[PDB]
Amino acid sequence: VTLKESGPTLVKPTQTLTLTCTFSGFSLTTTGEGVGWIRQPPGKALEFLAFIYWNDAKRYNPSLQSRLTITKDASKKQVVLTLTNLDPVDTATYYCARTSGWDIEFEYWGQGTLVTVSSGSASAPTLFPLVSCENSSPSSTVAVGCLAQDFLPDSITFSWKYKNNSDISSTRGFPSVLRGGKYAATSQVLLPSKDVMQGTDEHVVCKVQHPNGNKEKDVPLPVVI
Amino acid sequence: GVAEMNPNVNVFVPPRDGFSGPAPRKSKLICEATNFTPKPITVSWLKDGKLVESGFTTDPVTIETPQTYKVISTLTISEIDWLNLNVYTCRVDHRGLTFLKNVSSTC
Amino acid sequence: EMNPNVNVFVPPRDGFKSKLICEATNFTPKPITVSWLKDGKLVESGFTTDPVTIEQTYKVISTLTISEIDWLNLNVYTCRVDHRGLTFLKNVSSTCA
Amino acid sequence: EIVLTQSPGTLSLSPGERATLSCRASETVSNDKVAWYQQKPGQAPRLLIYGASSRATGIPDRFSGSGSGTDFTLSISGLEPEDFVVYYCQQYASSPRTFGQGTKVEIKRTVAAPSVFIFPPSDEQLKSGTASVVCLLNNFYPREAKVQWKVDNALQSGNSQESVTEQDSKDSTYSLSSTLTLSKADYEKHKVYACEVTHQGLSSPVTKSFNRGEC
Ligand SMILES: *[C@@H]1O[C@H](CO)[C@@H](O[C@@H]2O[C@H](CO)[C@@H](O)[C@H](O)[C@H]2NC(C)=O)[C@H](O)[C@H]1NC(C)=O
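Protein chains in written order, with the deposited numbering: chain U, 2 to 226; chain I, 224, 228 to 290, 295 to 337; chain B, 230 to 245, 252 to 290, 297 to 338; chain V, 1 to 215.
As structure tokens, then:
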């Protein structure tokens, strides 16, 4: 038993949102079996939208009543969800699950899909150099970052390389935050002080793999020694 | 992680009565760079065009507003070589720049 | 208990202000006092003493600031080293001057 | 409408010990139809116990449920590193059903002093009319920390979102980033920008600042 979701990755506010939950391996004929939709905004808990039982029996949440519609098609074996009056605060990932009886609720879960609701467009990410202004305290090591801004949807992976195309293990990834209708995130990397006072390489390259452009800006190191 | 200045080369030599100990007498030569930035610097000794690869000890660079550093190096020399009017040159390499200073016993 | 060696370095014969370095090596214990003299007169300013380092033997270096004109005027400079109640005085002068 | 509140929000446990999760309901639940769910960030939630007393297929027997009425407790014996995830309690006797806030469990560790770094906005970014000043905190514990922005002795408020990373898999520490957003014209009217970091393991607050034009 498995479930698969599908739908648009970008929808404008005050529009119609449609999602499809693809399941295969069972039929909604026996009693107790049902399908429900659960969403969870980032940093928040699960939210119950609606649940539909057999014999075309559907249930809706009073907090969201007269705003959602549940339709099922036995021919294609997939439930259709329609969302109207889209709001940026309602952005979340939607999941569907199957209930195998009256007591075993949501035994199998799918994978879900991120549906971003922003008035803006999927523009290319913008990189900005970051120069450390720390002074009078070298400490153990120093940090240098890379400001990936103006990206949508939030799907970015960071890799750090030296001038000679080396490999760096940073693993420092900060989550994105919605600011002014756009997602903003920052990525940093930790490097030993001894390596800085050595090779003549005075700059490193910041690389981001986003499906809107392959730009890569470089941050020049100030060098301390 | 303000300014860059070219290193200054200074060479110290023993006086006429600066040799002591059992014959042959030996002395030391001091080459120091001050008020130089960045920190890295290469110190080498040349004797009549021949590189010196032994008998020398260079102290670690220590801190003496632009940051400043100092470096002290000591090379052991023989009295006989000094009396032969040999020329000692201190080689300083700094950011790809080479500075040479020539000293001798001649007035 | 070994008497420290006293050596004073002079500027090059063919030109370079400058500095005077007096080095005491192969002495024990580590504490030691180094001073400077000018024509038999006590020096009150213009001299600094670097921290004693480990070469068991120790090494101490002192720096005295002098002017170009006064050095070649046959002025007498003496490095005074006091160790284990013994005082060592070394007189140096420019060979070409 | 059944309101479910879970407390405490964050708890620090050690591997091998026992962890107790509390689930509070606003009213009695018919037939004690309360279930527990396990959710890991990135992946999808998975069901563990249905009906608060019967486990499901593929669930270890170390998870035990007890209680009835309006008080429910989840006991887990033999805590594992992979079990440090968020857990939610949910009841299916409401129709429509409701979900709780959820509780997060973290690995207990010693207090480590954080590192504070501030990056002035780049010249290229200033040409776009927007200036972004960042304040980075790394290797601190516990997750609770206060970050305040002070510019020209004036405390800022209502202009900081605040982003915090998850617990490190190999270091068990936490990191967070604070971004300062202000107009380009307002940026030229201020000289010194500083973010204050307060930590439990620091005797006195450490403040870092920079001078405009020197960076
Ligand atoms: C690229 O250049 C860097 C110089 O910053 C090289 O790093 C040095 O080489 C060793 C061996 O790989 C590294 O482990 C050290 O970080 C650096 N050495 C010292 C003494 O700090 C790096 O190796 C170069 N890349 C390649 C593939 O050679």
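Backbone N, C-alpha and C fix where the C-beta goes; we use that ideal spot for every residue, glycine too.
For V/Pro8, the closest of V/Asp32, V/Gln101, V/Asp61, V/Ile76 by C-alpha to C-alpha distance is V/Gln101. Contact annotation: the segment 7-23 of chain V touches the segment 92-110 of chain V, with at least three C-beta pairs closer than 8 Å. Chain V places a beta carbon closer than 8 Å to that of U/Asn62, counting this residue as a contact. Listed in chain order, the non-local C-beta contacts of I/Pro240 below 6 Å within the same chain comprise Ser253, local neighbours out to five positions each way being set aside.
Per the DSSP secondary-structure output, U/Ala125 pairs with nothing in a beta bridge. Legend: CB atoms of the segment 231-252 of chain I lying less than 8 Å from CB atoms of chain B belong to residues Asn236, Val237, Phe238, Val239, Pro240, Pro241, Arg242, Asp243, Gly244, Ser246. At least one heavy atom of ligand 1 lies closer than 7 Å to the C-beta of U/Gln199.
DSSP places V/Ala185 inside the alpha helix (DSSP H), whose first and last residues are 184-188. In summary, the residues of the segment 196-217 of chain U whose CB is separated from some CB of chain I by less than 8 Å are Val197, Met198, in the order they occur in the chain. V/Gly67 is bridged by DSSP to V/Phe72. Within the same chain, Cβ atoms closer than 8 Å to the Cβ of B/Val237 are found at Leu255, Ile256, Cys257, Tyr318, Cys320, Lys331, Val333, the five residues on either side in sequence being excluded. In this structure, ligand 1 has a non-hydrogen atom nearer than 7 Å to the beta-carbon of U/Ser167. Every beta strand (DSSP E) stretch that sits fully inside the segment 71-147 of chain U and reaches 3 residues is listed by chain position as 79-85, 93-100, 114-118, 127-129. By the neighbour-count definition (other C-beta atoms within 10 Å, threshold 16), U/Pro221 is an exposed residue. For U/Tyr163, the shortest separation between its Cβ and any heavy atom of ligand 1 lies below 7 Å.
Its chain contains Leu4 as the residues whose beta carbon lies nearer than 6 Å to that of U/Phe24, once the 5 sequence neighbours on both sides are disregarded; these appear in chain order.
Ligand 1 approaches U/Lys195 closely enough that one of its heavy atoms is under 7 Å from the residue's Cβ.
Non-local C-beta neighbours of V/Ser68 in its own chain, meaning closer than 6 Å and more than five positions away in sequence, comprise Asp32, ordered along the chain.
V/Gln39 sits buried, since 16 or more C-beta atoms from the chains shown fall within 10 Å of its C-beta.
With a threshold of 8 Å between beta carbons, U/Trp55 makes no contact with chain V.
For V/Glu106, none of the residues of chain U pass the 9 Å Cβ criterion, the least Cβ distance being about 16 Å. Counting the other CB atoms within 10 Å of its CB gives U/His204 a total below 16, which places it among the exposed residues.
Taken atom to atom, the span from the alpha-carbon of V/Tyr193 to that of U/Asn136 is near 14 Å. With a cut-off of 8 Å on Cβ pairs, the segment 178-189 of chain U is in contact with the segment 140-154 of chain U, counting three or more such pairs. Sequence-ordered contacts of the segment 103-131 of chain U with chain V read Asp104, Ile105, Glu106, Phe107, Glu108, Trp110, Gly111, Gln112, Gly113, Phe129, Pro130, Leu131 [C-beta pairs closer than 7 Å].
For I/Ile256, the closest Cβ of chain B is nearer than 8 Å.
Taking the Cα positions, U/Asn86 is about 29 Å away from U/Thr100. Going by DSSP, U/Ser188 is part of the beta strand (DSSP E) stretching over 183-192. For I/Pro286, no Cβ of chain U is located within less than 8 Å of the residue's own Cβ.
Checking the 7 Å criterion, the Cβ of U/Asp202 is within range of a heavy atom belonging to ligand 1. In the three-state DSSP reduction, V/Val133 falls in the strand class (E or B).
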